[PDB]
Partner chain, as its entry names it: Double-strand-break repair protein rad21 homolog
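Just one chain follows, in the form solved without its partner chain, and it is written as structure tokens.
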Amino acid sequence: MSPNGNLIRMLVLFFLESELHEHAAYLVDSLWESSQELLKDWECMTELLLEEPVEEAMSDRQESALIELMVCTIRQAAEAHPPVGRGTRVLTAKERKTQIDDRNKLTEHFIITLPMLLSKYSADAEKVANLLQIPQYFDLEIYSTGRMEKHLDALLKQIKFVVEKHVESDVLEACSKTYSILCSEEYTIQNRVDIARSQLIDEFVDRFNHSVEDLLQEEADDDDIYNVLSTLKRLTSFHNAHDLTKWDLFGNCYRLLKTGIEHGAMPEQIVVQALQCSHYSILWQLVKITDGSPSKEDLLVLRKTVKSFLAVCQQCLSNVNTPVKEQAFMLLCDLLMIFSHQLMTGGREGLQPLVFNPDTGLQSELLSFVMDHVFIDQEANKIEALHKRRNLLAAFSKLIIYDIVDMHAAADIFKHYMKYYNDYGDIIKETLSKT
């Protein structure tokens, strides 16, 4: 009760204080065979996280670690296998029976307790993002079974509060995915969740639109900029997993970008988000057109939309801010692959009017960015900025393989930058072997 409480408090301390377990998940996995009963005392954990002390209170850093450890135990119980990296997977009768009973316990428990957790820690972005990994493990049918409607209402209230308070990409994305899970995974509560979502979206589209209008009519305030960016971020996050096409967001994104090319003075983060949002609008237009039975004019309206957006990305390669060039580059390399001739696979030859061959000018600019921003002369931030340039080249590599860009001009650039490997590498290789 408090006995298991002590063991959990010290388990959190051994985790943080020793560098003997770097990954929470790997710690839990390793103790799992021997300490399952303890590691699934979820009532004990939420009690620690929600109660006020008598004495000795938990420190902000230890609270964080307990939430992270709790969520790993919730996964390991639900999935009934070691985490990604410690795998090898056939369950016994009793292992299977235990998994069902565990999923039951943590669903009933966290439906009640997850809104109370999100309420208390609502401003801690890292913590809220971690709590919102929990619903994916819910046995969602139980939101009906337990006459538990009052607690679905409570989670939706708390997700609303979080999204309204936060702009961090991890938080919002966590909110987006939770709605997705809550919505399309059980018909019983699908209708209730859909009404909460679209009211949330509605309130953010109105605020976005009023702020776009404010910015563009204006001299332009710091408030005008905050208001656009803050609302655009929430909508960009959600527009990946949710079809927000019914709200014409591409329209205002398009103006923001046109204004930031013309007068060249649009803040870098607005341009990046405005690009990402426009992209997600187009992908969702594409899906409705693939699955629908679309007319000639449907195709030609989406085409005009796509050619104007490829134009905007091409122009945005010339933006001073390298985060914009990167975003524009990434989108060019997705779109040029998606609206290639691949689009006429699986008997979908109706889509030919949607096919786009990049011109020489554009191909040459997609070559430039690689020389300027992939292949550059000169801690943790650099292993990360390397993986990005890797992804940027890999996204560009696909265009080379299918001759969407000039495959020869490309390999010339790869000659120029590999020269020292081809001129001195054998000599460097054998030298390093003999030390």
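Residue numbers count along the first chain shown, from 1. C-alpha atoms forming the largest set that superposes within 1.5 Å between two forms make up the rigid core.
Omitted from view is the form solved in complex with its partner chain, to which the following refers.
- Exactly one listed residue, out of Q158, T259, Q327, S211, brings a non-hydrogen atom to within 4.5 Å of its partner chain in the deposited bound form: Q327.
- With the partner omitted from this view, the residue of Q36, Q62, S30, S397 that lies near its partner chain in the deposited bound form is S397 [heavy atom within 4.5 Å].
- Residue contact check for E173: one or more of its heavy atoms lie within 4.5 Å of its partner chain in the deposited bound form.
- Among heavy atoms of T431, some come within 4.5 Å of its partner chain in the deposited bound form.
- Although the partner is absent from this view, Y226 stays clear of its partner chain in the deposited bound form, with no non-hydrogen atom inside 4.5 angstroms.
- Interface residue remark: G346 is counted as part of the site for its partner chain in the deposited bound form, having a heavy atom within 4.5 Å.
- The three marked residues, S122, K165 and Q273, fail to reach its partner chain in the deposited bound form, with no heavy atom of any inside 4.5 Å.
- Note that among 63 to 71, 43 to 51, 364 to 372, 401 to 409, the stretch whose heavy atoms approach its partner chain to within 4.5 Å in the deposited bound form is 401 to 409.
- Positional change of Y420 between the shown form and the other one reaches 2 Å or more at the C-alpha, relative to the superposed core.
- The Cα position of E19 differs by 2 Å or more between the shown form and the other one after fitting on the rigid core.
- CA of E68 to CA of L20: closer by 3 Å or more in the deposited bound form than in the shown form.
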